[PDB]
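A quick write-up on the structure given underneath.
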Amino acid sequence: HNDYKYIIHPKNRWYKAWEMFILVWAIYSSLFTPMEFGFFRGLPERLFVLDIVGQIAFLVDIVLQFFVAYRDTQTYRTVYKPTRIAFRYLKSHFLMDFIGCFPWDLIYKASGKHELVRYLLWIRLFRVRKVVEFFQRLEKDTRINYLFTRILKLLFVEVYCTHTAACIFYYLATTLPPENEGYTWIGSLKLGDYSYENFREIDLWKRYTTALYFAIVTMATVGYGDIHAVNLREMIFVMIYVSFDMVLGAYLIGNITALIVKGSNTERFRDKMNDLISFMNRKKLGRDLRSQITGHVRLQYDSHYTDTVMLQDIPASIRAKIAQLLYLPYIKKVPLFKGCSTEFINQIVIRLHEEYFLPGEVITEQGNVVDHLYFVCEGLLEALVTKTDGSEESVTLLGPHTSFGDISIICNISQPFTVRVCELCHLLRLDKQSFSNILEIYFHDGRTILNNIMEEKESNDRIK
Amino acid sequence: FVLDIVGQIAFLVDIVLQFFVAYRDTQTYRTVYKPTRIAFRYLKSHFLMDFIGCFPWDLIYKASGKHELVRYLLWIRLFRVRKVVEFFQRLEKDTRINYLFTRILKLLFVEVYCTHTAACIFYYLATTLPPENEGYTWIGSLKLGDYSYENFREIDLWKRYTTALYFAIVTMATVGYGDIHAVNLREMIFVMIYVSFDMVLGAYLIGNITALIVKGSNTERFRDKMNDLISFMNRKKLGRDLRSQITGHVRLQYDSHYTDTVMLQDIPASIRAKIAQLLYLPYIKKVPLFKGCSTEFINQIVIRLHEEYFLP
Amino acid sequence: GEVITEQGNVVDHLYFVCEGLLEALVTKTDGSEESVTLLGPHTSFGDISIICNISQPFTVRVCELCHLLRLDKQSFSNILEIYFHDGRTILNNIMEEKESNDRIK
């Protein structure tokens, strides 16, 4: 697969860093071309090399995009064929990328300073495709929300349209002799004691700030009126800008509303809390029970262990593989199942359910018919084994990689001790009948379990 | 002056209290009473800012020969909005008030805050210019009606503040009345930043309100279903008594709202079993079919029961 | 690679394989899997389990990208009661070459 090594991968870190550098210079060029257009009729000598240092970079970019492997979405596969990738480029995003790299400033300053030449400077706006592609890659990225990478896209479109609008606004003023500059928006503008007359002589940044401020109050349609369109060209551009901006701000509100509607885990949890509060109130559950249920609901939304509800959709076989990738580590260190077959542990793992328990919760009361066998995964439990007068008696202090609830099922007796939760515990659960059925399938393994119970029985006095 | 001094006192005492207040461990969910861990938690976060902000910055400024760069550190006292943020989060984590309604109040408080501070920064930017370049400020050139805001640093505090806040509020709703507008380049830049920020903030406000309305009430969904069926009942012109029966079935489905039985399924099996054993167990203990049966029988069938209400 | 039916459960879904290939794996008490047969286009599984109301005789795993057509046992039973002659034909089909190898009594 090393054939055509002459073509650099489209993942090669060097070419990715080149894309980042091109992205930065694309942002600069696409934000400077409008300002190189309106605010100068010919780049002053100060920026002489700057624009050159621009074009050369994109020149290199052009060349690189002829030697970059392209993923054929038709095959969904990274195609490396030099003719395929090169011809593809040449018939898609090449013409603009080439015409944008001419010395348009130098061409204009050489061609007798003919204004219509500068209107080819806007060809350089096609370098915004780098920014658009960056936003496409971010949208493809799953770390970022789908809408927030659209909200950022529309924010960038707002910013870019505002900047180009300011530059075109000032250009409308420049398209009018100083004698008629009183008919221009900035020429007629005289905010405060200072007058914005002779905008041609005014510092470009002052005009840029003024134009941007005007475009800004148009963008949010706050629109004080201090700076307004006076000519007809200015009234036409303000009309176009205001209409497009109305639509685009409506799309901004739409995307923010979509993001907000999507749902917050805080909000989803609050809704299920409301439903369960209604449920407890209607059934007049005791305050203690209410507290327990609410506590576990909050724990469910916080531990996000509820997200195992997503597992329900993933098939049972794949779900079992997930269980064998996650629960199996904990199970193979369980002393209860010391030395059982891979198949037996496979079944036990297959029928496991996670459950996090809040501190101060009794798991099973002493004597309660054990309906669920509990492996400890994290946290600390207390086997208080409360008695008639030996209440809160000495405990085994069930820690990680230990198991309880089993003694009773294996001894076919009543729950030998009460279990109280000391810290947040990742208790794994096996239904009692499921355990018994797996034991019916696996006899000799069950005998081994009995043997381990005896081995620790001789030592551990409580299970003794 | 006194109001400043006592001010920091309320915020110094609080710091002391934060060194002696218990918190729930994020891993063991237990109220950690240990003073060492409490103090280390404060020191790690929310200490440096609270203390720095408590320094008497006004007296430091007046004692440093009136250095404005010192006064720029007053904004550290804005990190005292953590208290409001925490209060809003706690209110959001109480079932009494809707989540999105709490967010609407959050955004409303944020708008209040951003307009107030925007007004204060706007007037500050007016005061940056020397008192002789007043004509080039936003307030120095104001001439509302017959009153000219000349020598703007000599008007009553509340006239200046209400003027600036007038600007801020009127631009926060994008009214842009134009009565007050930016004149300086610093004011233009600030207005641009503000306006652009409140654009997104108002969009988020409309988003929250729209989401709160789109996530309609269960009453609203009942009205949707009931009106759909009423439209049906009118299309086919169904009889009044039967009309009442269908309305009764819909009203049963909702006024019962035992659908929350599906919701208890989001509970560990132990507490779900306790729900069953406190709710349905008394009825099942009386059923004759399970006469004199083991407690185990009931205790494990009740978990499998499903509530169902039926009309005559 | 997925599994349609697991041995030991009562199959209430008669799946007819239309496209792709599956595999029949029998799991034993020792824990071993035997590849009894491969189910390709225009094949079926679940009919014996539904007819005799037994647990699934063998795990049915997937080999190639599979397109099957599931049919509910309830609906199937209703239809077989619709056409008692074609139901007897179904019995004859299951007992014709497979016969009572799966304890058909």
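As a convention, Cβ positions derive from the backbone with ideal geometry for all residues, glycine included, and neighbour counts pool all protein chains shown. Where a number appears in this text, it was derived from the coordinates with a stated rule and is not lab data.
The figures follow:
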quantity: The range B:62-159: relative contact order in percent, alpha carbon pairs under 8 Å with at least 6 residues between; calculated: 11 percent
quantity: Residues of the range A:340-381 with amide N under 18 Å of a point placed 7 Å along Cα→Cβ from A:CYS411; calculated: A:363-375
quantity: Selected from B:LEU108, B:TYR149, A:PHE126, residue furthest toward positive end of dipole (the protein assembly as shown; charges at beta carbon); calculated: B:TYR149
quantity: Counted charge near B:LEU311, where neighbours are those whose Cβ lies closer than 15 Å (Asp, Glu -1; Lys, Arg +1); calculated: -2
quantity: Cα convex hull volume per residue for chain A (Å³); calculated: 265 Å³
quantity: Label-point gap, in nm, between B:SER231 and A:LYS387 - each point 7 angstrom along Cα→Cβ; calculated: 7.2 nm
quantity: Approximate spin-label separation B:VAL70-B:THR128, in nm, with each point projected 7 Å along Cα-to-Cβ; calculated: 2.1 nm
quantity: Value of relative contact order over chain A, rounded to a whole percent, pairs C-alpha under 8 Å and six or more apart; calculated: 10 percent
quantity: Under the span-like rule (Cα at least 27 Å along the axis, Kyte-Doolittle mean at least 0.0), DSSP H helices of chain B; calculated: B:99-128, B:185-214
quantity: Value of [θ]222 nm, deg cm²/dmol, for the protein assembly as shown, DSSP H segments ≥ 4, -39500 (n - 2.57) each, nearest 500; calculated: -17000 deg cm²/dmol
quantity: Mean projection area, nm², convex hull over Cα of the range A:100-144; calculated: 3.5 nm²
quantity: The range A:160-312 shape via C-alpha gyration tensor axes, a/c threshold 1.5; calculated: prolate
quantity: Among B:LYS34, B:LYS93, B:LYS291, residue whose mean-square fluctuation peaks in a GNM of chain B (springs only between Cα atoms under 10 Å); calculated: B:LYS291
quantity: Global geometry of the range A:231-278, whether rounded, prolate or oblate, following the gyration tensor of its Cα atoms and the 1.5 cut on a/c; calculated: prolate
quantity: Kirkwood hydrodynamic radius of chain C, Cα pairs, Å; calculated: 14.3 Å
quantity: Only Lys, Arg (+1) and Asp, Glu (-1) charged, at Cβ; the range A:117-275 dipole about Cα centre in debye; calculated: 900 debye
quantity: Nearest 10 degrees, 0 to 90: helix A:129-140 Cα axis against chain A principal axis; calculated: 10 degrees
quantity: FRET E, pair B:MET49, A:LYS333, Förster distance 51 Å, beta-carbon r, rounded to 0.05; calculated: 0.70
quantity: Within the range A:38-72, trypsin sites (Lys or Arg not before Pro) in DSSP loop having at most 16 other beta-carbon neighbours inside 10 Å; calculated: A:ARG41
quantity: Residue of C:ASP30, C:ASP47, C:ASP12 that the Gaussian network model of chain C assigns the largest fluctuation, springs spanning Cα pairs under 10 Å; calculated: C:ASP30
quantity: Spread of Cα-to-Cα distances over 5 Å intervals beginning at zero, given as percent, for the range B:38-156; calculated: 2, 9, 12, 13, 15, 14, 13, 9, 7, 5, 2, 0, 0
quantity: Cut-off of 10 Å, at most 10 other beta carbons, DSSP loop: longest stretch of chain B lacking such GluC sites (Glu not before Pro); calculated: B:133-307
quantity: Net +/- balance of residues flanking C:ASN53 in space, Cβ distance below 13 Å, scoring K and R +1, D and E -1; calculated: 0
quantity: Angle in degrees between helix A:48-66 and the longest Cα principal axis of chain A, rounded to the nearest 10; calculated: 50 degrees
quantity: Among B:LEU252, B:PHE232, B:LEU289 the positive-end extreme of the charge dipole of the range B:220-298 (Cβ point charges); calculated: B:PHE232
quantity: Total formal charge among the other residues, if their Cβ is under 15 angstrom from that of C:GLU81, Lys/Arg +1 and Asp/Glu -1; calculated: 0
quantity: Fraction in percent of alpha-carbon pairs per bin - 20 Å, the protein assembly as shown; calculated: 10, 27, 32, 23, 8, 0
quantity: Rough spin-label spacing in nm, given labels placed 7 Å along Cα→Cβ, for B:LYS291 and B:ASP4; calculated: 9.0 nm
quantity: Residues listed by number, the range A:97-127, amide nitrogen under 18 Å from A:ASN180 label point at 7 Å toward C-beta; calculated: A:115-116
quantity: Long-range amide H partners of B:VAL32 with built H, under 5 Å; calculated: B:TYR23, B:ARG24, B:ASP25
quantity: Chain A, dipole about Cα centre (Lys/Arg Cβ +1, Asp/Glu Cβ -1), debye to the nearest 20; calculated: 1420 debye
quantity: Dipole of chain C [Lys/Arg +1, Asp/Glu -1 at C-beta], most positive-end residue of C:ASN93, C:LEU25, C:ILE82; calculated: C:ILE82
quantity: Convex hull per residue volume in Å³, alpha carbons only, for the range A:353-461; calculated: 97 Å³
quantity: Net length gained if the chain between B:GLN89 and B:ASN151 were fully extended (0.36 nm per residue, minus Cα distance); calculated: 17.9 nm
